[PDB]
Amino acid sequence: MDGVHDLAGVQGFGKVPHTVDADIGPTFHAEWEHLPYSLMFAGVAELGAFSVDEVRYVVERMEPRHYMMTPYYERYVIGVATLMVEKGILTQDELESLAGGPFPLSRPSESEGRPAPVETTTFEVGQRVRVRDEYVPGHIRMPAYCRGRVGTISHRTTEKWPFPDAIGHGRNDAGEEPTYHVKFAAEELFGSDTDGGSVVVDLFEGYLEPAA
């Protein structure tokens, strides 16, 4: 999904509010802050209602403006709640009456999902690879700045994980695929408009294709 969450590359932002080694203060600047994370694990691990991949997607599914105006931790409170309501565990009415006010959730997905591919092309370290030039409306774990770019592989992961395009929707087509560390030359990603050397993106096997 090409949503506002895909910030890498976007120009216009001011400077990062931080000086090296500066005091960041307490781990939680507010009493309610530890809730979003805790309740997430409660649903993933304890209740087994949804996966972490589904939490990411619900946040991505936020109305664009809502996403931009809302702070980090609040985004997860809204997400976890939306999942709870969509899974049938809770009812928006309860939330609102308990909160004493409006409680807008995230927008419903407009994509069923994407099963894991059956074309198992195993790449080795040192191979040049091009990222598939494809547009997926649903959850995906590929930053827009990779499409069609060619990079070199520097590491293949020993373990395998479930395809996020599927599991992020709660599909069983998840499968298992290893991820690769594809090193891209800065010039390839942003052209002359780059202040660096190289960017390394961790891409799932299903996103890549041999470059020739």
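Numbering starts at 1 and follows the sequence shown.
- 105-113 and 71-79 differ in mean CA B-factor, and the higher of the two is recorded for 105-113.
- Higher mean CA temperature factor between 160-168 and 29-37: 29-37, per the PDB entry.
- Out of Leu208, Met1, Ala212, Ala8, it is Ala212 whose C-alpha atom has the highest B-factor in the PDB entry.
- As recorded in the entry, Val118 carries the highest CA temperature factor of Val85, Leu98, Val118, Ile140.
- Per-chain ranking of the deposited C-alpha B factor places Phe13 in the lowest third.
- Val129: CA B factor lies in the middle third for its chain, per the PDB record.
- Among all modelled residues in this chain, the alpha-carbon of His66 has a temperature factor (C-alpha) in the highest third.
- When the modelled residues of the chain are ordered by C-alpha B-factor, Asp195 sits in the highest third.
- In the PDB entry, a CA B factor belonging to the middle third of its chain's modelled residues is recorded for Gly151.
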